[PDB]
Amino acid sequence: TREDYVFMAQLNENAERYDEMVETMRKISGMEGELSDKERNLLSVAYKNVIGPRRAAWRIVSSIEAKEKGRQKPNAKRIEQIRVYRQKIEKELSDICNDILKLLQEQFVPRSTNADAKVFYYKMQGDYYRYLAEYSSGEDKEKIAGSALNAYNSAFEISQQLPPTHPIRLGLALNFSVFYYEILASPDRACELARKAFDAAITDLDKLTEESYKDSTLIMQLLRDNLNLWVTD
């Protein structure tokens, strides 16, 4: 049954075995209808915790590559060994991105009807193109950024239908700014988009915020940390 697959996903998550969680989620993605809220969150959790370690690794390997490069007598072999090892990870990242990006385009985005879903999936789309754009350079990058920007702009248009303090609406704005700052290098443009989103949450802070208090109040805090980080530069 569905609920048993949900239970299995939750068990995989409980055990921190995400690679399987991806599969036990796909098995529910095969089933009828749109994914639930609970079922959506699990999807994001699985894929985030799969891509995360590789993203972390990529950065360390990248720092070590630069560190190795920047020396009086660069060892030619170690740069080779490192390059290949980065490129081994980049592939895992590519595969993990294509896997989900495919399912968003083919399965999830067309199936959706309510807004909160549409914004969740369109945000997600943005995120994985953004993760692809972290290691790409030059022109591949430019085309990926294009694919992100449209997903984020799709998410953004529809997010206007959600309350200012919806964790999806905030979560979006947070990531959309990060996209601008980190991929497109537009500090003003990211600050605008963050600040604008934060302030709208502050106006609606008094306004009912209830079960989203944990999830919203966090993202509000993250927007600020970013705003402080980017302002001071």
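All residue numbers are counted from 1 along the displayed sequence.
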Ranked by mean Cα B-factor in the entry, 44-52 and 183-191, top stretch is 183-191
Avg C-alpha B-factor, entry values, 143-151 vs 76-84, higher side is 76-84
Entry record, C-alpha B-factors for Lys196, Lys207, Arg59, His166; the maximum is at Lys207
Entry-reported C-alpha B-factor of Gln125 relative to its chain, by third, is lowest
Entry-reported C-alpha B-factor of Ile64 relative to its chain, by third, is middle
Chain thirds by Cα B factor, record data; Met25 belongs to the highest
Among the modelled residues of its chain, the C-alpha B-factor of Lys214 falls in the third labelled highest
For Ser136, the third of its chain by CA B-factor is the highest
